[PDB]
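*Asks:* Part one of the assembly, not moved from where it sits:
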Amino acid sequence: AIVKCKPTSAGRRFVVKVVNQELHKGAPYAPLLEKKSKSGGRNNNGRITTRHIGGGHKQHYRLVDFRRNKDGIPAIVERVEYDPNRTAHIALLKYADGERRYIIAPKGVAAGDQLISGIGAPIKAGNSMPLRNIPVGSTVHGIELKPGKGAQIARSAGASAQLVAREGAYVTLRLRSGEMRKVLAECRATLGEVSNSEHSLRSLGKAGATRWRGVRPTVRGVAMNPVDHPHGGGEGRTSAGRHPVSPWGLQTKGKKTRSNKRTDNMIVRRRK
């Protein structure tokens, strides 16, 4: 649930924490962990390519199974864990022959369940099957875009998509963004919604909580000099006397930037 903190300090007055008592509080499953090192936003040339990145806590990478290709064998939910590098929770499945795995936890799975996958699976939440044998009007998550590639869409906390139409070798579903897209019916998905939907009610509270996550401060372009930003310059406070623009000269108050033209036929209608 959401817990508000007493205003004992100036930095505690506006902290709203999201604490889950049902999360596992031991050590993660060691065989499914591997190291990942930070980058600071730097590419192999050593230059900052994405800015406002740096610092934070040390993290391991959890090998989450996004394909779910053990069809037919039943599973059991051993526990629901915390992932430092998701916004959703993860669940440790234990199949009928050892074979422990990490998946993205659905909303309702706690400690038992069966979570079978493949053709012939029931329509319980947490099961996975091809999108063609899924009743229309249902809510799905973890949709894959290519057969055998793994889940790509609707993976963050509280995310879901709705299955709206089906005809031919494709199937149409409405994305969380408001965008109508057609997906191949041979692809796979999982039934239900992603857990941790209360994640959007948190409040960090203080400037140091953002630094714990690896985010560096943002300096406004109107606070710079003309040589650093198109918005810079002026005596006293100014308001960026030109149309608002990116640091590299691109307009940012409503100008569209999609120019793919290869996947245009997969868009039934844009989110606009």
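*Replies:* Great, that's in hand. Numbers count the residues shown, from 1 in each chain, chains lettered A, B, ... in the order given.

*Asks:* Pull the residues that contact stretch A:113-131.
*Replies:* The contact list for stretch A:113-131 (C-beta atoms under 8 Å, 6 or more residues apart in numbering) reads A:68-77, A:93, A:103, A:106-109, A:133-135, A:138, A:140, A:142-143, A:163, A:171, A:173, A:183-193. All C-beta spots, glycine's among them, are computed from the backbone N, C-alpha and C.

*Asks:* Taking these, please make a PyMOL selection of just the buried ones.
*Replies:* In PyMOL syntax, the buried subset of the contacts of stretch A:113-131 is picked out as below (16 or more other C-beta atoms under 10 Å):
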select buried, chain A and resi 68+70+75+77+93+103+106+107+109+134+138+140+142+143+163+171+173+183+184+185+187+188+189+190+191+192+193
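
*Asks:* Which other helices and strands does the helix or strand residue A:61 falls within contact?
*Replies:* Assessed by DSSP states H and E, residue A:61 sits inside strand A:60-62. Applying 3 or more C-beta pairs under 8 Å, 6 or more residues apart in numbering; DSSP states H and E, one finds that strand A:60-62 contacts strand A:33-35.

*Asks:* Run through the neighbouring helices and strands of the strand it packs on.
*Replies:* Partner elements for strand A:33-35 (3+ C-beta pairs under 8 Å, 6+ apart): strand A:60-62.

*Asks:* add chain B to what we have:
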Amino acid sequence: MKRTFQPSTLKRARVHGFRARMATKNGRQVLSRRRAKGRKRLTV
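*Replies:* So, slotting chain B in with the rest:
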């Protein structure tokens, strides 16, 4: 007050050493330029 030169012999050989010059052509031009002048040292 801290000054600009803080010695370290390991960082000295890895930047200006003989094997560092030989790794690139622009460091090989430095060595051939110092041989044409007759420098006694020839490397850091």
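
*Asks:* Once more for what packs on strand A:33-35, now including chain B?
*Replies:* strand A:60-62 (3 or more C-beta pairs under 8 Å, 6 or more residues apart in numbering or on different chains; DSSP states H and E).

*Asks:* Please enumerate the helices of chain A.
*Replies:* Using DSSP state H, the helices of chain A run over A:207-211.

*Asks:* Excluding sequence neighbours, find me the nearest residue to the most centrally placed residue in it.
*Replies:* For chain A, the residue nearest the mean C-alpha position is residue A:156 (2.9 Å; C-alpha atoms, centre = their mean). Nearest residue to residue A:156, sequence neighbours excluded (C-beta to C-beta, 6 or more residues apart in numbering or on different chains): residue A:87, at 5.2 Å.

*Asks:* Next, work out how far apart that neighbour and residue A:155 are.
*Replies:* Per C-beta to C-beta, to the nearest Å, residue A:87 is found 9 Å from residue A:155.

*Asks:* Give me the longest helix you can find in chain B.
*Replies:* Assignment by DSSP H gives helix B:25-37 as the longest helix of chain B.

*Asks:* buried ones in that one?
*Replies:* Judged by neighbour count using 16 or more other C-beta atoms under 10 Å in any protein chain shown, the buried positions of helix B:25-37 are residue B:27.

*Asks:* May I have it exported as PDB, CA atoms only?
*Replies:* What follows is helix B:25-37, C-alpha atoms only, in PDB (Å, rounded to 0.1, in the frame of the first residue of the first chain):
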ATOM      1  CA  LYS B  25      51.800   6.100 -36.200                       C
ATOM      2  CA  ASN B  26      51.600   9.600 -34.600                       C
ATOM      3  CA  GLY B  27      53.800   8.400 -31.800                       C
ATOM      4  CA  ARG B  28      56.100   6.700 -34.300                       C
ATOM      5  CA  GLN B  29      56.600  10.000 -36.000                       C
ATOM      6  CA  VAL B  30      57.500  11.600 -32.700                       C
ATOM      7  CA  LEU B  31      60.300   9.000 -32.200                       C
ATOM      8  CA  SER B  32      61.700   9.400 -35.700                       C
ATOM      9  CA  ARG B  33      61.600  13.200 -35.200                       C
ATOM     10  CA  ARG B  34      63.600  12.800 -32.000                       C
ATOM     11  CA  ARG B  35      66.100  10.500 -33.700                       C
ATOM     12  CA  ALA B  36      66.700  13.000 -36.500                       C
ATOM     13  CA  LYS B  37      67.500  15.700 -34.000                       C
END
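
*Asks:* go ahead and place RNA strand C:
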RNA sequence: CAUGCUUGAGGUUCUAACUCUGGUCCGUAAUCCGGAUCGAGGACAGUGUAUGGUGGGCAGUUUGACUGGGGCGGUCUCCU
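*Replies:* Putting RNA strand C onto the chains we already have gives this:
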């Protein structure tokens, strides 16, 4: 009018060129890369060349003289 023979434009469809930062086999002790084969898209996308639009993101420059100091104002050629 009925066809024949081209040829401008549009739509649909197919696979065989091309594309895949999709699967599994081999080179192989290897998340690179190739070859093979399934799957998907498909003459589109993309690249070369020619051309219209946009483009202080970036560049090379220009922005007169007189003047009871410069600037502002006025004047700059011809006739009485």
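
*Asks:* With RNA strand C now part of the structure, what is the answer for the buried residues of helix B:25-37?
*Replies:* Buried positions in helix B:25-37, judged by neighbour count with 16+ other C-beta under 10 Å: residue B:27.

*Asks:* so how far is the strand holding residue A:61 off the chain centroid?
*Replies:* How far strand A:60-62 lies from its chain's middle: 15 Å, per C-alpha atoms, centre = their mean, to the nearest Å.

*Asks:* what's that strand in contact with?
*Replies:* With contacts defined as C-beta atoms under 8 Å, 6 or more residues apart in numbering or on different chains, strand A:60-62 is touched by A:28, A:32-36, A:81, A:83-85, A:90, A:102.

*Asks:* 7 Å instead?
*Replies:* Identification of contacts with strand A:60-62 by C-beta atoms under 7 Å, 6 or more residues apart in numbering or on different chains yields A:28, A:32-36, A:83, A:85, A:90, A:102.

*Asks:* now stretch A:174-190
*Replies:* Applying C-beta under 7 Å, 6+ apart, the set of residues contacting stretch A:174-190 from outside is A:106, A:126, A:128-132, A:134, A:140-145, A:147, A:153-154, A:159-162, A:164, A:169-173, A:266-271.

*Asks:* gap between that stretch and the chain center?
*Replies:* Distance, stretch centre to chain centre, for stretch A:174-190: 16 Å (C-alpha atoms, centre = their mean).

*Asks:* For it, measure first residue to last.
*Replies:* End-to-end span of stretch A:174-190 (C-alpha to C-alpha, to the nearest Å): 15 Å.
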